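# experimental structure and sequence below, a few questions after.
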Amino acid sequence: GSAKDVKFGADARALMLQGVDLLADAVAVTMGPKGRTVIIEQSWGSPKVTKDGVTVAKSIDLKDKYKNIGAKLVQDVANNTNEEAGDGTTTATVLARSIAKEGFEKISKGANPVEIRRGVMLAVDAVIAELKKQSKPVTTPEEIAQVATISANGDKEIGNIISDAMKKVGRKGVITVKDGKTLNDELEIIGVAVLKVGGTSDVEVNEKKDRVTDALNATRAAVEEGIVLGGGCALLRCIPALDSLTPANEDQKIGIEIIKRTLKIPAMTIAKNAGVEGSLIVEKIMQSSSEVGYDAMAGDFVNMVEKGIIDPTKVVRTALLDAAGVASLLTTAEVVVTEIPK
Amino acid sequence: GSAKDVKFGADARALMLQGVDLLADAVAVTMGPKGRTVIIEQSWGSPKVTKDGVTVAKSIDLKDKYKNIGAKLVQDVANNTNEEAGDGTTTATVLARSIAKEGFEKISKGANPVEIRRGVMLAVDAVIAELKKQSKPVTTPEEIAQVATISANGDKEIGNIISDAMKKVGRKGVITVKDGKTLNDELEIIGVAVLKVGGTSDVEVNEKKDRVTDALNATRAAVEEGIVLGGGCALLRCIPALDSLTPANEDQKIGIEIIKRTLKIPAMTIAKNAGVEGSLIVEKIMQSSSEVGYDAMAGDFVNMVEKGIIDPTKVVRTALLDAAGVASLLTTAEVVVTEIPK
Amino acid sequence: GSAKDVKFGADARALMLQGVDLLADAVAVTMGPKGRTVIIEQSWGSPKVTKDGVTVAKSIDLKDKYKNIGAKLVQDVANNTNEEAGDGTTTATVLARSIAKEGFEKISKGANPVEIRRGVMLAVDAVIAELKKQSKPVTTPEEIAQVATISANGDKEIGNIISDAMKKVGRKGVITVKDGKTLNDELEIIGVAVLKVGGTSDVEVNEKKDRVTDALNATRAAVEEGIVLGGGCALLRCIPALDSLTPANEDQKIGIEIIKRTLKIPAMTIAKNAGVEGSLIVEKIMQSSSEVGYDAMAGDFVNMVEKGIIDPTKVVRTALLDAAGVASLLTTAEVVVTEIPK
Amino acid sequence: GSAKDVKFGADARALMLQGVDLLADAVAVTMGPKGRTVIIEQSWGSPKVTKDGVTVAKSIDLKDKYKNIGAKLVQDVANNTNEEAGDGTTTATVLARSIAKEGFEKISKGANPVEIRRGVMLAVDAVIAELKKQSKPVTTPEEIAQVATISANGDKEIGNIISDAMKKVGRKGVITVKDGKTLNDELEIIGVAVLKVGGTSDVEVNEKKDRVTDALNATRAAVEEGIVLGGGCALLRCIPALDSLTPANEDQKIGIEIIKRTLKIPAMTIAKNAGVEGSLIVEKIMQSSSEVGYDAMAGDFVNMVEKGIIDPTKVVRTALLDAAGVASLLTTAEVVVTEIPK
Amino acid sequence: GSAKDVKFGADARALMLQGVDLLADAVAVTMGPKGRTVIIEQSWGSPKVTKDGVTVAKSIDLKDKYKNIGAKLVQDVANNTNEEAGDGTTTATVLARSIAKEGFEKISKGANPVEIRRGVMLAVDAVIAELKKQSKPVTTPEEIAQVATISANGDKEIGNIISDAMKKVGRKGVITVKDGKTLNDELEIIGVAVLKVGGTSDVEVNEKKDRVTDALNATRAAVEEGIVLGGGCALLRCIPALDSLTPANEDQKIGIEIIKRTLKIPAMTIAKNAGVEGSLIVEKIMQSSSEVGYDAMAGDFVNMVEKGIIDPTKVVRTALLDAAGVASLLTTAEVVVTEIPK
Ligand SMILES: Nc1ncnc2c1ncn2[C@@H]1O[C@H](COP(=O)(O)OP(=O)(O)OP(=O)(O)O)[C@@H](O)[C@H]1O
Ligand SMILES: Nc1ncnc2c1ncn2[C@@H]1O[C@H](COP(=O)(O)OP(=O)(O)OP(=O)(O)O)[C@@H](O)[C@H]1O
Ligand SMILES: Nc1ncnc2c1ncn2[C@@H]1O[C@H](COP(=O)(O)OP(=O)(O)OP(=O)(O)O)[C@@H](O)[C@H]1O
Ligand SMILES: Nc1ncnc2c1ncn2[C@@H]1O[C@H](COP(=O)(O)OP(=O)(O)OP(=O)(O)O)[C@@H](O)[C@H]1O
Ligand SMILES: Nc1ncnc2c1ncn2[C@@H]1O[C@H](COP(=O)(O)OP(=O)(O)OP(=O)(O)O)[C@@H](O)[C@H]1O
Ligand SMILES: [K+]
Ligand SMILES: [K+]
Ligand SMILES: [K+]
Ligand SMILES: [K+]
Ligand SMILES: [K+]
Ligand SMILES: [Mg+2]
Ligand SMILES: [Mg+2]
Ligand SMILES: [Mg+2]
Ligand SMILES: [Mg+2]
Ligand SMILES: [Mg+2]
């Protein structure tokens, strides 16, 4: 029997979107090889340093309960992505924000948001089918090293260590990670491989451990499903698969167009983090052949297959699906009910 | 034991009607195939998204106690409808709001509210009788699939899986709904039928669980009693039977007119949620034959039975019965006693 | 479920830097033979007077959480330095302040802070390599007395008693120091050598105990690893190594220049605390021969090894490594999450 | 005598850039043929509806004195542009905001804002010289008709009436526009051409008054100096001029690149107000043939001069000059002194 | 009459020094060829942008009366410098600030601030005697051009035009400056020469004519008395004249030391504003040859008289005298009384 506050329509949608945008910015700053970090205040002592997107998402709550609803929903998106794969939480968050934003923009009296959500789901199914079609399997230790290096912010040593551990204990053997008291990283087997991470301080060790865990999750996903073009170009090459779709009604077309517009968000964010204009980069990615992407680290155009800029199919698929499933549902909102602050 | 504030007559009635209007609008935004959802903040964790009238009604409260009284009465309407039939709580809420508003409008110095209550109960019994008269028994599993699809907001897969479970376990069997961890809905029998609803997150799986529970309850009511016209056309065709009823006095005439103008509310709300004027649609429905109605999804006029838009008799009869039984009693209030805030 | 406030980019960086500056000044008013002490209030009783960097660092906590974050990070620098070397906490803190300040100064839209951090790590690795190259082993108890006297703020009796105790018990023996109930320091062996610290009050004996503990830790570090030029001249002589580095991209250039400009900080601050202009002293140190440094106590440019102004190699390398590892990580921060002050 | 408030560096820089951003955004929303109207409340009577850049600029005032400083500087830019040409105040506003932002971004400890301003002046001189070099004189009444129509938000009747007035009075004749009292425009000469605006209310008449005055000033400037490519394409085609410039040192290069990025702002803003992305439109204009630009109404790429989209050379050159001269001076600011509000 | 507030000694000195330092920094930020401009809010209209020291000095008033006292005293320094020479107001500002600081620190219970002032006066008269014995008469129109260029922020056109005007109307002839209407400045004689300063907006012509006025005053002083080394170098070179002085008492020695340390402040400030450190640069200037000075524009050491960076003897000597006379008297203050704010 607690007093509640009721908001209708556009005010509620805008108040959701404010929190969604705040959390999505705070997460998306940590995207890509040029991405930066986030300092999170800790109550029990030293603040923690995390480039990990889902930690940034889960570490943010907003006083306004209306904005807190959207913040907690994008937090749920990121948490589901982490629970399913363990990487690409930033990509899932930016996709969720973009889908929710485009859904809120195209809301009117005549627009049926439920059929828009149905169209979003249909387009997501089609693009996941295209993703599985385009993916290729892993057949080389060099590919494992590349996956672990790209997943760990370009740390060649971490990629080499993970590749060595996978070679030593097999691609299915158990590997864990724990902090080492040394200044460098060492691998020992006593089998089951255990990775000991070195660093000059607890915060640096924690950050490197997060990167190592991300790389390990990505390489396990790669061996489980396969790899696709990295740098967000997998979505940018699956985009034509939506043009072959024939929507049933208008709202289906609205959903398909919204998903097609959101497909280029990850490449836009990756380019934007590297001090350049995202839209031109996405345009040139699409104009290029099916084997050319933008190397965000070096700031030029290369062949991603040769350069080792690749990502697992599982990460991108789960990120896109988890973002769509929650963002489209939030789009169907008309009334929000929050508890009055006491 | 505590100080109480007392209000007399019209001001108190308006104060209660304010809360009834707030709750009724916040629930009626979720009526019809083109209806939308309501976001409800949950203290322990992720906010929930629902398209169910009873939960939205139960998840609201107001600081003002005079409004909260009407809010609690209409909450009782929705809860009793859900407990008795498991479906049609939003229709119960809108009928309760309509009856309460009409009763409050037609109160004068000489008008006896109790005899208006007697007249409205007489009219409700009459329309229940004619609703039973125009009922149709369920004889094919195709009608089962149609009822399940209609009750689940135009979901073909939910209706098909409900029909398959109905065919396998038997019409009078036992069905239990549990949330599956997969991305697809699965049916298993081990026999007791079990539906494993699937989704990519907790909010989607909870919403789909609500929809499948509504479909199950609607189909069970259909097999128990029968089916009548969908889209609010059952009451809309029971309307012309009130002209055959004569009141004993003027108050019963007022109550009969209250039911007469109330029976149009579900169709008007269904049309209005589709972004169109309800009144013209309802007038064309009356002008049309005894079988033609308005399909709110396709936005045209079709033979309701042949297009599968059908509805259980029990749901409508109990929703109208309970909404009347509570709102009419709310009409007869003159003095209201509420506690002083502490 | 606690609400947080998010600050982006330059404002958050400046807010952290203000707290870093406050704590670093409060710590850096101490180091050098002419440095001053700090009075820290003790709630349970008499206050404490200390000339030790880590005590000042730990004892200082700020109100605003954005300043408190930088305060806790420089606290981590000081504590890690104290735990790994037992000396040079003030040097580590001033190096952390300088690295963080310079890195924040060079943060731009077109800059990649992660590659700046990589360049910083390469520069500190080269510097520590040259520092190890320039180390000298300990062969005489005279060098032991010199190290003890230098790390005891020029107290000759402490150095003499430490050298005599290490002569009696051995250079790898077990020495512990405790308070003395007489008016002077006395050494007793029973075996494990025990030092009793004399004084007329709790504050005097506590400060002398801290100084003699610093002397013991520095002397043990010297006997384990070696000694180098004191007065910060080790890093000044290590400066030329960085000029031979040929990094890859501009961000590594920036990081290497950060380290090169940070190497001058200890000598500059030691000179500044003496009452003279630090920059002129440090420049005259660079121009002079490899064996000539500035005697802050005497205010003259003298032979460092002949005068006996020497410091352990392990202490200097530990301080520099910890300061780099923490401050450079703090450099790469753009988004900051802090709890609301409930 | 009056107590003053002083701020240093980046804090005040961001403070007045906030006001510059606010005023320039309010001005820019009205740019292009798809720009909208700004409603300004009037103390005397009915609020006015305006599409005029300098009017909105002068109508923007802020309580914050630091933001008000930048607001009044951009007001000064718009006012000087209106005084010297009477058209293109929106272009001057957006160019000035772009230059102020770019100058504020690229300020460091060693950066020299004054020499950056000198380089901005050098680039401005080069762009103005190339505007003169590519300028084409007006030879037929169709061209002045097109210029009047384009400057009148594509009002064909306004341009036709102005062309008739010009052909009846002459290229150098005196034309004045006065308030009209009927519903249709009428041109009469009693000599001096006088135009009466046809409107239905005061505010509509004022809006068309602004439009017709802008069109008349556009015709006067076009016949004074000449015509170049419209739609902001002149600066895009003049961009290659800066490629041949050799800066004296780094600061002039910074200014040259600031102007180079700024030269794309008008076309980008015209595209953005059309509802599409501006960067890709600008890039397509730059890649495509020099004689083909972007049309905002049809949203396609056609020949600008053949389609009538042309601008007076005087208008664009004075907009660029007035914007740059004050924005680059705003860049040089380091300390800001304001009065304490009282 | 009205109630007063009285403060004794050190706290009052610190409060005054706070405002002195604030205004001194706000003035000295502009100093040097690489200095930046100050924005001062104007209540009557457009804000002003200036690079002149005395305008910023006059335009700053402080809420605290104790700080305002020192602010007004250094304002007196600036105004006296402007009224006597019209140039070098920032030099006098920084000299007075340094003298105030060094007199505020070097005061003890047994010291005699009156005798300290007398020693300061003796040092200053010796310094001005050395300056007059180190001057060189202007015997070349090219020298006039160099002086005009250097005193006008190194603008070649302004210096050349001033040289041409002085050649046309005679060295002692009258020159007047007024703002023009076109974009470039012109000189005309009808004799009396009028310099029509050109520009784009009000702020540009205002600060341009301020710079031209400063250059004209410097030129007049150069013709009247002579020229000396620029960049504060002559004050550096006159320090050895102080070393020959034997103070009568200890406090005269204190004052001589104060002036001796102060004599380096202008060069330090010029170097500091140039993005480089100042102490080592001025030390290298003292070490280098007599004619060698630091060219802060090119960032190197050159024979400065040959490069044309020259300053008038009268400007330098008057600035130093006006700074010293006020500051050495200010340091003598022990008790300050103020009015109670109301
Ligand atoms: N040098 C590079 N050039 C282009 N794309 C790159 C480069 N390095 C990494 N990427 C891509 O950028 C993304 C890496 O982003 P990032 O590591 O910040 O977050 P994430 O993978 O979404 O997940 P998480 O937030 O959990 O780390 C991946 O899609 C990866 O393929
Ligand atoms: N496609 C359709 N066109 C027209 N009317 C429809 C259509 N589908 C369902 N209806 C009608 O709309 C109503 C369904 O309302 P809704 O699904 O919002 O909830 P409800 O039946 O009131 O109850 P609950 O909220 O418990 O599910 C029924 O009267 C049904 O007959
Ligand atoms: N007499 C001296 N002359 C010159 N340099 C000295 C002298 N004594 C110490 N130093 C230098 O000062 C630094 C030592 O500083 P100090 O003893 O105050 O504390 P610390 O080692 O920085 O740390 P902590 O305060 O935790 O003990 C070293 O760089 C050392 O070489
Ligand atoms: N149909 C069009 N296609 C392309 N560019 C157009 C079109 N119509 C106008 N423009 C361009 O838009 C600009 C005109 O902007 P607008 O009419 O908003 O006012 P303005 O000239 O900027 O000045 P003010 O706001 O003071 O009237 C010019 O650069 C013109 O070339
Ligand atoms: N290019 C230069 N190289 C070296 N010193 C220079 C250079 N330009 C100017 N200076 C020195 O800097 C000072 C000139 O500073 P500035 O013109 O900003 O103000 P000012 O002389 O203090 O006074 P005012 O504000 O009245 O002009 C002089 O000491 C001059 O010698
Ligand atoms: K991330
Ligand atoms: K419903
Ligand atoms: K110390
Ligand atoms: K406009
Ligand atoms: K100046
Ligand atoms: Mg990642
Ligand atoms: Mg229902
Ligand atoms: Mg020490
Ligand atoms: Mg215009
Ligand atoms: Mg000057």
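Sure, I can see it. Residues are numbered from 1 along each chain as shown, chains lettered A, B, ... in the order given. Ligands and ions are numbered 1, 2, ... in the order given.

# measure residue A:245 to residue A:156 for me?
42 Å (CB to CB, to the nearest Å). Using the backbone N, CA and C atoms, a C-beta is placed for each residue, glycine as well.

# which of these two has more residues huddled nearby?
When neighbours are counted by other CB atoms under 10 Å in any protein chain shown, residue A:245 and residue A:156 differ, and residue A:245 comes out ahead with 16 against 11.

# for the closest residue to ligand 4 within the stretch 1-150 of chain A, grab the count of nearby residues.
Using CB to the nearest ligand atom, the single residue of the stretch 1-150 of chain A nearest to ligand 4 is residue A:105, 24.4 Å away. Here the neighbour count serves as a burial measure; for residue A:105 (other CB under 10 Å) it reads 12.

# what's the spacing between it and residue A:261?
Taken as CB to CB, the span from residue A:105 to residue A:261 is 10 Å.

# now the strands for the stretch 101-250 of chain A?
Assigned strands in the stretch 101-250 of chain A, in chain order: A:175-179, A:186-189, A:193-197, A:227-229 (criterion: DSSP state E, counting those that start in this stretch).

# how about the residues of chain A by chain D?
Taking CB under 8 Å from any CB of the partner chain, the part of chain A that reaches chain D is made up of A:277, A:279, A:280, A:283.

# wouldn't residue A:121 be in contact with residue A:324 here?
Yes - with the criterion set as CB atoms under 8 Å, residue A:121 and residue A:324 qualify as a contacting pair; they are 6.9 Å apart.

# neighbour-wise, which of the two wins?
Under the neighbour definition other CB under 10 Å, residue A:121 and residue A:324 were set side by side, and residue A:324 has more, 28 against 19.

# can you tell me the SS state at the closest residue to ligand 10 within the stretch 151-300 of chain A?
Closest approach between the stretch 151-300 of chain A and ligand 10, counting by CB to the ion: residue A:275, at 35.7 Å. Put simply, residue A:275 is coil when judged by DSSP: H, G, I helix; E, B strand; the rest coil.

# number of nearby residues for the closest residue to it other than its chain neighbours?
Excluding the flanking residues, the one nearest residue A:275 by CB to CB, 6 or more residues apart in numbering or on different chains is residue C:110, at 4.4 Å. The number of residues packed around residue C:110, counting by other CB under 10 Å, is 13.

# taking the stretch 51-200 of chain A, what residue is nearest to ligand 15?
Sorted by distance to ligand 15 under CB to the ion, the residues of the stretch 51-200 of chain A start with residue A:51, at 50.4 Å.

# a strand runs through residue A:35, doesn't it?
No - membership of residue A:35 in a strand is not supported by three-state DSSP, which gives coil.

# count of neighbours near residue A:176?
The number of residues packed near residue A:176 is 10, by other CB under 10 Å.

# ok, residue A:91 next?
A count of neighbours around residue A:91, defined by other CB under 10 Å, yields 30.

# could you find the closest non-adjacent residue to it?
Ranked by CB to CB, 6+ apart and with sequence neighbours excluded, the top spatial neighbour of residue A:91 is residue A:319, at 4.5 Å.

# pretty sure the one you found is touching residue A:80, no?
No - using CB under 8 Å, residue A:319 makes no contact with residue A:80, being 9.7 Å away.

# which neighbours do the two share?
Listed as contacting both residue A:319 and residue A:80 by CB atoms under 8 Å, 6 or more residues apart in numbering or on different chains are residue A:92.

# which of the two has more residues huddled nearby?
When residue A:319 is set against residue A:80 and neighbours are counted by other CB under 10 Å, the residue ahead is residue A:319, at 29 against 23.

# can you name the next helix or strand after the helix or strand where the more buried one lies?
Per DSSP states H and E: residue A:319 is located in helix A:313-331. The element immediately downstream of helix A:313-331 (helix or strand, assigned by DSSP H and E) is strand A:333-339.

# quick one: contacts of that following strand?
With contact meaning CB under 8 Å, 6+ apart, strand A:333-339 is reached by A:2-9, A:12-13, A:15-16, A:65-66, A:69, A:113, B:26, B:29-30, B:36-41, B:43, B:49, B:56, B:59-60.

# coming back round to it: now the residue nearest to residue A:91: how far from residue A:96?
Taken as CB to CB, the spacing of residue A:319 relative to residue A:96 amounts to 9 Å.

# taking the stretch 101-250 of chain A, what residue is nearest to ligand 14?
Counting by CB to the ion, the stretch 101-250 of chain A gets nearest to ligand 14 through residue A:105 (29.0 Å).

# ok so, going back, packing partners of the helix holding residue A:319?
Taking 3 or more CB pairs under 8 Å, 6 or more residues apart in numbering or on different chains; DSSP states H and E as contact, the helices and strands that helix A:313-331 lies on are helix A:65-84, helix A:89-105, helix A:113-134, helix A:202-224, strand A:227-229, helix A:233-238, helix B:202-224.

# compute the inter-axis angle for it and helix A:113-134.
What separates the directions of helix A:313-331 and helix A:113-134 is an angle of 170 degrees, with axes from the mean of the first three to the mean of the last three CA atoms, to 10 degrees.

# ok, now which ones touch residue A:276?
In this structure, residue A:276 makes contact with residue A:299, judged by CB under 8 Å, 6+ apart.

# distance of it from residue D:278?
Plainly put, residue A:276 is 16 Å away from residue D:278 if you go by CB to CB.

# equivalent analysis for residue A:36, please.
Between residue A:36 and residue D:278 the computed distance is 26 Å (CB to CB).

# same question, residue A:131
Distance check for residue A:131 against residue D:278: by CB to CB, it reads 31 Å.

# same question for residue A:76.
Between residue A:76 and residue D:278 the distance, using CB to CB, works out to 35 Å.

# before we move on, what about residue A:35?
Plainly put, residue A:35 is 25 Å away from residue D:278 if you go by CB to CB.

# ok, the two, which is more surrounded?
Between residue A:35 and residue D:278, counted using other CB under 10 Å, the more crowded position is residue A:35 (24 against 20).

# for the more buried one, which non-adjacent residue is closest in space?
The shortest distance from residue A:35 to any non-neighbouring residue, by CB to CB, 6+ apart, is to residue A:273 (5.0 Å).

# can you tell me how far the one you found is from residue A:246?
Note on residue A:273: its distance to residue A:246, by CB to CB, is 36 Å.

# the more surrounded of those two?
Relative neighbour count places residue A:273 above the other of residue A:273 and residue A:246, with 20 against 7, counting by other CB under 10 Å.

# the more buried one contacts residue A:25, correct?
No - applying CB under 8 Å, one finds residue A:273 not in contact with residue A:25, separated by 11.9 Å.

# ok so, going back, restricted to helices, list the residues of chain A next to chain D.
Counting by DSSP state H, the residues of chain A next to chain D place A:279, A:280, A:283 in helices.

# what's the separation between residue A:247 and ligand 6?
If you measure residue A:247 against ligand 6 using CB to the ion, to the nearest Å, the figure is 34 Å.

# same question for residue A:224.
Relative to ligand 6, and taking CB to the ion, residue A:224 is found at 21 Å.

# and residue A:186, by the same measure?
Here residue A:186 is placed at a distance of 26 Å from ligand 6 (CB to the ion).

# got a list of what that residue touches?
A:180, A:196, A:198.

# so the second one makes contact with residue A:183?
It refers to residue A:196. No - because the distance of 11.2 Å does not satisfy CB under 8 Å, residue A:196 is recorded as not touching residue A:183.

# neighbour-wise, which of those two wins?
residue A:196 (17 against 10).

# can you tell me how far the residue nearest the centre of chain A sits from residue A:102?
With distances taken as CA atoms, centre = their mean, residue A:91 lies nearest the centre of chain A, 2.2 Å away. Residue A:91 sits 17 Å away from residue A:102, taking CB to CB as the criterion.

# likewise residue A:54?
As it turns out, when the distance is counted by CB to CB, residue A:54 lies 23 Å from residue A:102.

# looking at these two, which has the bigger crowd around it?
With neighbours defined as other CB under 10 Å, residue A:54 and residue A:102 compare such that residue A:54 has more, 24 against 21.

# next up, the contacts around the more buried one.
Residues touching residue A:54, when contacts are defined by CB under 8 Å, 6+ apart, comprise A:78, A:79, A:81, A:82, A:89.
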